[PDB]
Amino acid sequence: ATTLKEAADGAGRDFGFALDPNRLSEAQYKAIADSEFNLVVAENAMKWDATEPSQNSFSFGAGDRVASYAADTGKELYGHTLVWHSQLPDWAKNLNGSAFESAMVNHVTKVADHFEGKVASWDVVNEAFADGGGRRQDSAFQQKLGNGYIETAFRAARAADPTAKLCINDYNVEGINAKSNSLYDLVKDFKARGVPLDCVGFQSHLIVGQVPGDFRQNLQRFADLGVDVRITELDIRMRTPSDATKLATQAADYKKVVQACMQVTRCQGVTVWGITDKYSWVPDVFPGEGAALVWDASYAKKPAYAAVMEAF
């Protein structure tokens, strides 16, 4: 109505953001975080590198801060992420066979247990597949453990947390293609055999002017397998600097994404990967690309803001 939180709340869906706990000391950042979202996810604080820097030695300070923030502001807490090929410490990469599998399972158990009852959902496994279909080719988990690591990770997560929503997350799976198809088969297989799995996340790290037209259809087929779906890391990057046309297209793109979710009853909601363009991860990875978020570098609402409110 007046804020995006109000729009999402009124719609009965979630609208979250990727939080960097250190930014909470920046008043403006905190103000927008407090009033514009009803869900929070750690942008980096709950990743392996941030939680288990050395074998069986945990660092929960940053993760705890994110969790405390959600509880203090009354927002849903989304966990990210227990098993991922990236931001994996070297000590883990140096392990093999049973040693590596145990380190993985111990990591999953310790983190899930630590945040049990606080984190409502977990990206148990992140980016297990590859563009073009099949499994990811540069993953330590796939290379050292094979196809069964995903099931192992999920069963371990349920073992630790009996009620948390266990999700599998990925990108380039927004549309119906080889990658999402392989992801589709896995989800169907898991539900078929009783492997703990409750949700599927579609990152949605999109490019301005390029939103899958079959996004809704894709979300629906997964929802129909008996699992919830969610846009987890939404941001739509453009060639910087921005201009009127790019901002208008971006706004329209944000609208399409949110509408596709609104059109699927089991789509829990949408989470944007950050608040302001001044801290977005995009520029540092894509030279000359950026302005992908809802707020600009001066915290002024971009036209994408109105588009999101409308879609909800």
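In case it trips you up, residue 1 is the first one in the sequence shown, and so on.
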### Task
Check the entry's C-alpha temperature factors for 229-237 and 134-142, then say which stretch has the higher mean.
134-142
#### Entry: Per the entry, higher mean C-alpha B factor between 297-305 and 16-24
297-305
### Message
Using only the C-alpha B-factors in the record, can you name which of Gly79, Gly148, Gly201, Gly194 has the highest?
### Response
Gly194
### Summary
Looking only at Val270, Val41, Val285, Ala45, the Cα with the top B-factor belongs to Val285
### Query
Based on the entry's values, in what third of the chain does the Cα temperature factor of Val83 lie: lowest, middle or highest?
lowest
### Task
Would you please rank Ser68 by its C-alpha temperature factor against the other modelled residues of its chain and give the third it falls in: lowest, middle or highest?
lowest
## Note on the structure
Chain thirds by Cα B factor, record data; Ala7 belongs to the middle
## Note on the structure
The third of the chain into which the C-alpha temperature factor of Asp113 falls is the lowest
### Third of the chain's Cα B-factor distribution that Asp189 belongs to, per the entry
middle
